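First comes the structure, then the notes that go with it.
Cβ placement follows ideal geometry from the backbone for every residue including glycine, while neighbour counts extend to all protein chains displayed. Just so you know, all these numbers are worked out from the coordinates, no wet-lab data involved.
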Amino acid sequence: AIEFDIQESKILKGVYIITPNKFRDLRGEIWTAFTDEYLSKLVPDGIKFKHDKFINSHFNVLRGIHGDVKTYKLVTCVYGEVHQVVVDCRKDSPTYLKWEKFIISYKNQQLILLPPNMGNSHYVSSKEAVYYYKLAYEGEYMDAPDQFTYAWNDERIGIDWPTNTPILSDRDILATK
Amino acid sequence: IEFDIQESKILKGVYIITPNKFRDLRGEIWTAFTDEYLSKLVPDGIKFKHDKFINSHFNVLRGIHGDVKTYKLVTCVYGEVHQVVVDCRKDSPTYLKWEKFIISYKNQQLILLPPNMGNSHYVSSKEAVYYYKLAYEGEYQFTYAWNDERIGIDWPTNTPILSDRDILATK
């Protein structure tokens, strides 16, 4: 049986929390992270999920804050634990530059749907983590130089991260200075 | 976003897909699938519609499972598994032959199985996370015993942890 509970965020409009059912036993756990039948209605008609991406990171690695005008993202953690933070980067939104954190652990499977013009970021709180995400967009893939970046610790956003000394990419450091 | 694609030397229509990965001290980033690149590995009309994860402990063996309809793209995104593909195409000259891939999350590799192929894997690490995509026409079966002597798979153990389904095929 393949079920998804779907709930809009109470605080960031258009952000959805997707909870799959999981079958569990002595062997481990099985779950379906996505079906076209159920979850393709999370994005407008004509836009399809067409990219699957994995990020394997160590403890204390912080990726973000990244977004662009075009790309819907469905994000989760399939091993370990991450603090996922979605930032509202929509200038017309009443919650512009506000954020919401989801602590996603592979034990408690949950996927977050971000529309375009939102900031995606996460911090690895486990020893190791595997972050999975699906990208839906029209046309060509939106490369890093064409995306926007906000500093992880940008004072206008004020994200509560568990550390002051994260391990950062050169991209994510550059947005800091 | 690139993929090296190679047909199996042993099982016709089985493909080994190696993505480019960016690696550094922070970790590793890779694209497991693009529609643009990997939709051409399956016939027209057949689309990848399901993404599934299986998290198993050491010594768990899942398989051998297949059906008439479903293309599967399989990999291990954490830990290490012995992935074994069995040819269960009764019209194939390599019917009941098999090929093993030791897939480690450090050495990212995806295996594409056409329909009527036996999918199975054994977890050799403490824990593993197995990822697979399913493609088929229309709406969303058979089992061989993991140790079936007609197949003769070389598994690293004689005492795997098995589901009731996978035990039943044994007797």
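Test B:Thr143 against the criterion of being farther than 24 Å from A:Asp52 by Cβ and either facing another protein chain (nearest Cβ under 10 Å) or surrounded by 13 or more Cβ atoms within 10 Å (Cβ to Cβ) (or both), and give yes or no.
In short, yes.
Look through B:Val85, B:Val68, B:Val77 and report the one residue that is in a loop (DSSP other than H, G, I, E, B) and not small (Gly, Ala, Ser).
Checking each option against the conditions leaves just B:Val68.
Look through region B:110-129, keep the residues that are under 21 Å from A:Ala129 (Cβ atoms) and crowded, with 24+ Cβ neighbours inside 10 Å, and return whichever of them is nearest to the other protein chains (Cβ to nearest Cβ).
Among them, the one singled out is B:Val129.
If you take the residues in region B:100-109 that are over 22 Å from B:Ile167 (Cα atoms) and either among the small types (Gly, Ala, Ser) or away from chain A (no Cβ under 14 Å) (or both), which one is surrounded by the fewest Cβ atoms within 10 Å (Cβ to Cβ)?
If we filter region B:100-109 for residues that are over 22 Å from B:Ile167 (Cα atoms), which is where we start, we get B:101-109.
If we keep only those that are either among the small types (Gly, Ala, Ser) or away from chain A (no Cβ under 14 Å) (or both) too, we end up with B:101-102, B:104.
On the way: B:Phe101: 21, B:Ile102: 14, B:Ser104: 16.
Filtering first and then ranking leaves B:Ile102.
How many residues are crowded, with 19+ Cβ neighbours inside 10 Å and in contact with an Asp or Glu (Cβ under 9 Å, 6 or more places away or on another chain) when one looks only at region A:14-34?
7
Please go through region B:43-94 and give me each residue that is surrounded by fewer than 20 Cβ atoms within 10 Å (Cβ to Cβ) and β-branched (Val, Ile, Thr), ordered by number.
Of everything in region B:43-94, those that are surrounded by fewer than 20 Cβ atoms within 10 Å (Cβ to Cβ) and β-branched (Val, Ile, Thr) turn out to be B:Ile46, B:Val68, B:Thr94.
Suppose the filter is at the interface with chain B (Cβ under 10 Å from one of its Cβ atoms) and either over 17 Å from A:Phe49 (Cβ atoms) or in a loop (DSSP other than H, G, I, E, B) (or both); does A:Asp154 pass it?
No.
Please give the number of the condition A:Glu37 fails out of (1) surrounded by 17 or more Cβ atoms within 10 Å (Cβ to Cβ); (2) over 22 Å from A:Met142 (Cα atoms); (3) charged (D, E, K, R); (4) facing another protein chain (nearest Cβ under 8 Å).
With (1) surrounded by 17 or more Cβ atoms within 10 Å (Cβ to Cβ); (2) over 22 Å from A:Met142 (Cα atoms); (3) charged (D, E, K, R); (4) facing another protein chain (nearest Cβ under 8 Å) applied to A:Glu37, the lone miss is (1).
So in region A:97-135, with the set limited to residues that are among the hydroxyl-bearing types (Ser, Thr, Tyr) and outside any strand (DSSP E or B), which one is nearest to A:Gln7 (Cα to Cα)?
Across region A:97-135, the extreme among qualifying residues is A:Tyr106.
Among B:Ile46, B:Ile29, which is the only one that is closer than 21 Å to A:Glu128 by Cβ and more than 15 Å from the chain's Cα centre (by Cα)? Walk me through it before giving the result.
Numbers: B:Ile46 fails: closer than 21 Å to A:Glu128 by Cβ.
Matching residue, one of B:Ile46, B:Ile29: B:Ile29.
Take the conditions more than 9 Å from chain B (Cβ to nearest Cβ), on the phi > 0 side of the Ramachandran plot, over 17 Å from the mean Cα position of the chain (by Cα) and not polar (S, T, N, Q) and apply them to A:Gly64. Does it pass?
no
Looking at B:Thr31, B:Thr94 in this structure, which one is more than 14 Å from chain A (Cβ to nearest Cβ) and either in a strand (DSSP E or B) or not basic (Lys, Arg) (or both)?
Every option except B:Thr94 fails the conditions.
Take the residues in region A:1-13 that are out of contact with any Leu (no Cβ under 7 Å at 6 or more places or on another chain), under 27 Å from A:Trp99 (Cα atoms) and not hydroxyl-bearing (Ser, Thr, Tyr), then tell me which one is surrounded by the most Cβ atoms within 10 Å (Cβ to Cβ). Walk me through it before giving the result.
Within region A:1-13, the subset out of contact with any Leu (no Cβ under 7 Å at 6 or more places or on another chain) is A:1-3, A:5-13.
Now restrict to residues that are under 27 Å from A:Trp99 (Cα atoms): A:5-13.
Subset that is not hydroxyl-bearing (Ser, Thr, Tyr): A:5-8, A:10-13.
Details: A:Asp5: 10, A:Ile6: 14, A:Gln7: 10, A:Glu8: 12, A:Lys10: 9, A:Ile11: 12, A:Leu12: 20, A:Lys13: 13.
So, considering only residues that are out of contact with any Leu (no Cβ under 7 Å at 6 or more places or on another chain), under 27 Å from A:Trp99 (Cα atoms) and not hydroxyl-bearing (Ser, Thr, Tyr), the one surrounded by the most Cβ atoms within 10 Å (Cβ to Cβ) is A:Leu12.
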